[PDB]
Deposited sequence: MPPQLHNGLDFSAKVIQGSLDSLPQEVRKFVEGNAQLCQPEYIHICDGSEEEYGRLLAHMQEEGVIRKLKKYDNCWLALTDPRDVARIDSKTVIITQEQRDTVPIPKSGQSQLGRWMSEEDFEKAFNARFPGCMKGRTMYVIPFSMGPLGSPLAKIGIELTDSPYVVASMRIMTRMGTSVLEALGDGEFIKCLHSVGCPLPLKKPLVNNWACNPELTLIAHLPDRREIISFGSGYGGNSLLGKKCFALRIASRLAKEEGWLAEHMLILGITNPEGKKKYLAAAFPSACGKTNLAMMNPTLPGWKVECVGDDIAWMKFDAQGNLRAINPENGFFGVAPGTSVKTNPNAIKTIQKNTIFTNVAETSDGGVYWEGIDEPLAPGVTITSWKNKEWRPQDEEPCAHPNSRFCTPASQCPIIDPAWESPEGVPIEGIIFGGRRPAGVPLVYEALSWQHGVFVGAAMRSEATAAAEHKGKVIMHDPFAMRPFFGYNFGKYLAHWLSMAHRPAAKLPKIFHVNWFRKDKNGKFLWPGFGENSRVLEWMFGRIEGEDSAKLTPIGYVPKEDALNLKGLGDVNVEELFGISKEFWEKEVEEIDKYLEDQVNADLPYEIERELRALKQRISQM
């Protein structure tokens, strides 16, 4: 330097720029030059750092301590910033077609491309000076066990202490990650709440955000994620959806693996045999309930590897090995109860951050569907920081409110959940909310059929049934047609042991709007059937849509009131409509990039339905 504006050492309040690997230093200092933070804090991941940052947020009114529990905390947000926001989420590539298929007639629902030129303008209108008066925290983090051949490293720069705290839970972060990285590659993650000091606009609820300029961008060819204006969830905790789905799905395509919106569980039967399964359901369709299931069937055990994201790669032996790249659960709070998710209830009463839930007067948490009475006298403060009564029209918790809890605390966390080699997946499950037409469970006829089943996924949002292929509609890092081809190519991998593919529906309803299946821990009975089918058991009957359980194949003991005929009913009329809708969707949305085999599976299903 000819002056003193490029070396930021004097502003470092933890760590040392000299200690960092050369490329990490360049990333930090270049963005410090741009965003103009007051200080730079290089995170070490220590309990001391974590304790002190929580206390600082507490001092500032940014979080409250939940005194009923052990080291639990509550953040209430600006109501403008409450959710991952797909409408302001983009992927930048040279050519649009690499990001989304060019649709035949419509607008793509499979992604949102932005040109390099448009992104440069958007970036320049946002980031220069955006951290003025704030600390830039440098978060070194591993997605996956440290040392796993399947793990990847990120560096997230943020001006949000809430993001630091939450990333310590949801990733493996701190000094050991810098040491593991050395001069290797890493995903560059840049985040700002977009509220430089002095504040140009009012701060609502002590929650810094800039909704008008919110933009969550992914630049896969530059290995960069750049996020501005939201402090919330998937928009700010950049390891989770940004990295471990959007960027990682593209990396996966390049490198021969898969990055999916799937839980991973281990299930052990009464004969002491264990298998791992993965399942892809959309948001609001119960991955976290399944991943942590307390099975009702005697002698069965479920253990949780992860509840949301799976990274999977065939090894040299042909086994599909999966890791959970996360380090915690970022679970939807409302609807979580002792009956719907008793293992979550156990997990979240220590070392857990809650966002947008209600607070009880004794310092506890509350939400819709907690299904748990309060003692007379105990009152509730809503997520909008107002007194709230059970008879009020508004909910006490935001519908997308979340807990953020360490995975190591889960009482059924799988003993191999941090195994660097991953766990061998033997079945993959698809599913969504279908109130009509779709049976409780069916099994695909082939790998190709099963990829089609993933592709054809639909789920209830006046009710609207929308498409959500592979539970990845918000999350494809690249052209969905090419993603299909990538999944199909797995069948041609020498020695591959391709898992059995199933589709489930927990949500079928009778004519009165009542669920036909009780669900939750009773889903263990469906898992039992899958288990047997993986073992080769003669428990399946062929239908037009795939294999279903034979009469009397499901254990229905302790239920008895279940209407199996309606629950497993397959209507020609319904399935004719269904195939037409899938046809129209794939034709428009995937168009010139629809693989031959998926078109063939569509034709085959239409043909089988035609013979009913």
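- Positions of the deposited sequence absent from the coordinates, in order: 1 to 3, 465 to 471.
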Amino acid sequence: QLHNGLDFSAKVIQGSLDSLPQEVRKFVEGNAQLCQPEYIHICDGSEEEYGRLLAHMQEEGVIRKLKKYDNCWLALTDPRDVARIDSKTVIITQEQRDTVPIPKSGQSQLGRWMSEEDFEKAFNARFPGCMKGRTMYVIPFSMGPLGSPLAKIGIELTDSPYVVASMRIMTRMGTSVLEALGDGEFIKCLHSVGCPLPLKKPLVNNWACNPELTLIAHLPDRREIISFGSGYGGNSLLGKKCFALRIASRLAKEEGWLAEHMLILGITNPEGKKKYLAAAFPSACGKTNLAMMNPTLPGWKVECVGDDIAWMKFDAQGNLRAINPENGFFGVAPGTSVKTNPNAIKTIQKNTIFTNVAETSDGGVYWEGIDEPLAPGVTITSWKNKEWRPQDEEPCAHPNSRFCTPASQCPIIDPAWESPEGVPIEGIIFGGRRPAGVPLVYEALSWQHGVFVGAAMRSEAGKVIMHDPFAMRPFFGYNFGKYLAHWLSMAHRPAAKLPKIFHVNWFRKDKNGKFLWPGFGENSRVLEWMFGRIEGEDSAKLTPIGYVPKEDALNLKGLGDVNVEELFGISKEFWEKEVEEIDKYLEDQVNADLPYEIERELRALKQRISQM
From here on, numbers count along this sequence of modelled residues.
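- As recorded in the PDB entry, 546 to 554 is the stretch of 31 to 39 and 546 to 554 with the greater mean C-alpha temperature factor.
- Looking at 368 to 376 and 533 to 541 together, the entry lists the larger mean B-factor for 368 to 376, computed on C-alpha atoms.
- Remark: of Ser166, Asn327, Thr360, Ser192, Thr360 shows the highest value [criterion: C-alpha B-factor in the PDB entry].
- Out of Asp414, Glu156, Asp307, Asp221, the entry records its largest CA B-factor for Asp221.
- Ranked within its chain, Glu120 lands in the highest third, by CA B factor from the PDB record.
- Sort the modelled residues of the chain by CA B factor and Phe186 lands in the middle third.
- Per-chain ranking of the deposited C-alpha B factor places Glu522 in the middle third.
- When the CA B factors of the chain's modelled residues are split into thirds, the value for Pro406 lands in the middle one.
- In this PDB entry, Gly462 carries a Cα temperature factor that places it within the highest third of its chain's modelled residues.
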